[PDB]
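[1] got a sequence here, can you model it:
(chains A and B)
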Amino acid sequence: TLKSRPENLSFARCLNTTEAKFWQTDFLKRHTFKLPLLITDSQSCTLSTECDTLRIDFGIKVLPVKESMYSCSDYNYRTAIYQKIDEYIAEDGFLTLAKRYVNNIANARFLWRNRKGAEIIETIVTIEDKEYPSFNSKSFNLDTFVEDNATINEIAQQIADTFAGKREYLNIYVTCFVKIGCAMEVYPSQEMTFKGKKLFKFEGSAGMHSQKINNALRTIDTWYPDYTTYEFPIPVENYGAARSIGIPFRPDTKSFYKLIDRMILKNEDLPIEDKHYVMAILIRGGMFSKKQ
Amino acid sequence: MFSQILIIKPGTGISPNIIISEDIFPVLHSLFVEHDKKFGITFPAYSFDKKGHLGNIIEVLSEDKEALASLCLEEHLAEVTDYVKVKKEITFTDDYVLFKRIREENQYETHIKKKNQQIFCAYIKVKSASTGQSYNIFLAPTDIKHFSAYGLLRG
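    Numbers count the residues shown, from 1 in each chain, chains lettered A, B, ... in the order given. Okay, here it is:
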């Protein structure tokens, strides 16, 4: 019935992330006190003498997955996509993937370089008007995935229910407290120059791009071919690639293009791990077209 | 000449070069000095010259068993347990290859260009306590079999 992908196919995001803003703080008086942190002209940024704590504030928007297709030039492929998505929501209610996304918040991976050399890291998660119990951050490894933590389960249930379709939106706000010490460097994100390291300013203060945080949350792929050799999560990409060490971990029949033109064009039932990876690519988004 | 292998986990966000520089090499300096007994450092999978990819593996060269147990690796490079691994066996490896320190000349203001980009293809950075001036130390791999404070063979 179906021979190829249409000439115009696109998916939107389902995980929208705001940009981050930096503050200075003291630890023992953290919940009554806040000061701006500015970039000091290369360019560099360093905490003041009177403060010893960095504060990161950002938020996330969660949208349903069915209502995330922007264009499709053939109605039959759209019906096939909706049928496969309802078959996924029959088995697993987007719950393993959501648990991995809350795990990346708990692990505090978003602090990229700012995680090494800290002494106390705490993270509090706010949804609606309820603040959930905090996290320790230095009790979670960056290579495992906890599945028995109650607060992580309570957040992941709501995130999974919102992606399923039983809820239409969810707004998640996260605050982080990192104690590095007085007069230490904070390392913010760097801009693109089309010489000199020019740093990024948001509303006068300093912060990270939303892309860098979204890259942190998508490191949830542990279903690649050569997993047993190198046992480290890789961020989710089409021709699965890690800029860390120079190796295409998916060049061929395990890539997204073949795995999606082996599920919808040739109705074969795939393993659950490949279905996890295909749905994760659809919670990421992109242009997926085919000439002719 | 037995051994202990410490590993630099990949991924993790931060580059392995920085992890090698900051954490590892100070503790090593200290370890080596008090002990003084000239040891050595095994940087396996030390790839190519065009490269300089020191790799994700660190091994310590020792003579006696109490020789390497001499240093309490574990418990030292410990707090940082998510970016460096400490294996738990002392293996009597014999296919080891030793590592040497080239140098590369100072600057014109301090033929300069000829020596430049000939050794500039490892560059580990160390901050000095007394002179307070950070600098680069370059490495090599060699046949010498049977060192200095930095773990590299003495000049």
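[2] tell me, how many residues neighbour residue A:46?
    Neighbour count for residue A:46, taken as other Cβ atoms under 10 Å in any protein chain shown: 13. Placement of C-beta: from N, CA and C, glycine included.
[3] swap that for residue B:27, please
    Around residue B:27 there are 15 other residues, counting by other Cβ under 10 Å.
[4] for the host helix or strand of it, packing partners?
    Using DSSP states H and E, residue B:27 sits within helix B:25-35. If you count contacts as 3 or more Cβ pairs under 8 Å, 6 or more residues apart in numbering or on different chains; DSSP states H and E, helix B:25-35 packs onto strand B:124-126.
[5] so what touches the helix or strand following the strand it packs on?
    Sequence-wise, the next helix or strand downstream of strand B:124-126 (DSSP H and E) is strand B:135-137. Under the contact criterion Cβ atoms under 8 Å, 6 or more residues apart in numbering or on different chains, strand B:135-137 has outside partners B:101, B:122, B:123, B:124, B:125, B:126, B:128, B:150, B:152.
[6] quick one, phi psi at the closest residue to the second one other than its chain neighbours?
    For residue B:122, the nearest residue in space outside its immediate sequence neighbours is residue B:139; the separation is 4.3 Å by Cβ to Cβ, 6 or more residues apart in numbering or on different chains. In this entry, residue B:139 is assigned phi and psi values of phi -120, psi -180 (degrees, to the nearest 10).
[7] ok, residue B:139 touching residue B:124?
    Yes. Shown here, residue B:139 and residue B:124 form a contact pair, counting by Cβ atoms under 8 Å, at 7.3 Å.
[8] what's the first helix or strand after the helix or strand where residue A:97 lies?
    If you go by DSSP H and E, residue A:97 is part of helix A:95-107. Next along the chain after helix A:95-107, taking DSSP H and E as the criterion, comes strand A:120-127.
[9] partner strands of that next one, with direction?
    With DSSP bridges as the test, strand A:120-127 is paired with strand A:130-135 (antiparallel), strand A:170-179 (antiparallel).
[10] contacts for it?
    Applying Cβ under 8 Å, 6+ apart, the set of residues contacting strand A:120-127 from outside is A:27, A:105-106, A:108, A:111, A:115, A:131-132, A:134-138, A:151, A:155, A:158, A:170-179.
[11] list the buried ones in that strand?
    Neighbour-count burial for strand A:120-127, counted by 16 or more other Cβ atoms under 10 Å in any protein chain shown, picks out A:121, A:122, A:123, A:125, A:127.
[12] distance of the last one relative to residue A:68?
    Counting by Cβ to Cβ, to the nearest Å, the gap from residue A:127 to residue A:68 is 21 Å.
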